[PDB]
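Single chain ahead, written as structure tokens, the form solved without the ligand.
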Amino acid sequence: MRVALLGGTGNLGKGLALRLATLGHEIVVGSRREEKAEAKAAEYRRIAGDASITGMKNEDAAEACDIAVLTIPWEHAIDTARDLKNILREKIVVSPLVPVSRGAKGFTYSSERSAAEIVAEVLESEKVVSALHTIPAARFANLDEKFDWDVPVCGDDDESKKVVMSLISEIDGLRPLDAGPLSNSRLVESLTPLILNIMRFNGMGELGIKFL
């Protein structure tokens, strides 16, 4: 399938582009500036080798995709979603977004509503799927690294959720787990500030989570 990584110029986008393209999916890296996206797409192809990774302006990436992943920072996510609303409203949109703040006492969940539900409202969409929030980006973007992580997935539409879970299952090392309706997204998103706190107070590097 075709997967657009909106703002996919960071490590999560890089990891998804490299791993999914190697599996045969057509990846489109999106960025505010087309030149930036094409440049990063070129970079990923060199690492990945002979695979389909192309770069486009976010609007064109969204237009061309089946699934759009919002790899943009939370701080600019609502504005980006709003601008792409008409295009994204009919696509499956995956939100790995988390409202988290750093503070003197550690990391906190900084919203009264979840990022995924806010995005669903801004998009007026029934196809938003919350997933991929707890994937250690640097480790994920390193193709020599092996891992065993679980990926909780939330969403109101059974079909969209099933498609996204199937896609995640194709990546060796990731196990998707259904966490229910989008109303449970706050519980999934909260794992990020919890993990950042564990990293901070125990002097540990990036971590994923496993339920067993």
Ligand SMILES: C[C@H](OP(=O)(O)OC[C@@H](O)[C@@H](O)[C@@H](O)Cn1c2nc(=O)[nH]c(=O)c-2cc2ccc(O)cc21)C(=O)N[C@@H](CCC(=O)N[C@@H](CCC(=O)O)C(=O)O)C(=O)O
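Throughout, we count residues from 1 along the sequence that is shown.
What comes next is about the form deposited with the ligand bound, which does not appear here.
Undergrad: Can all three of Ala137, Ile195 and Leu207 be found with a heavy atom no more than 4.5 Å from the ligand in the deposited complex?
TA: The answer is yes: all three residues contact the partner (heavy atom, 4.5 Å cut-off).
Undergrad: How about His133 - does it come within 4.5 Å of the ligand in the deposited complex, if we only consider non-hydrogen atoms?
TA: Yes - in the deposited complex, heavy atoms of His133 and the ligand come within 4.5 Å of each other.
Undergrad: Is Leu84 close to the ligand in the deposited complex, meaning a heavy atom pair under 4.5 Å apart or at it?
TA: Result no; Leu84 lies far from the ligand in the deposited complex.
Undergrad: Verify the contact flag for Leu123: yes if a non-hydrogen atom of it lies within 4.5 Å of a non-hydrogen atom of the ligand in the deposited complex, no if not.
TA: No, no contact at 4.5 Å.
Undergrad: Should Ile118 be counted as a contact of the ligand in the deposited complex, where contact means heavy atoms within 4.5 Å?
TA: Residue-level check for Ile118: no, no contact with the ligand.
Undergrad: Using the arrangement in the deposited complex, list in sequence order the residues of 81 to 105 with any heavy atom within 4.5 angstroms of the ligand.
TA: Contacting residues: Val98, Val100.
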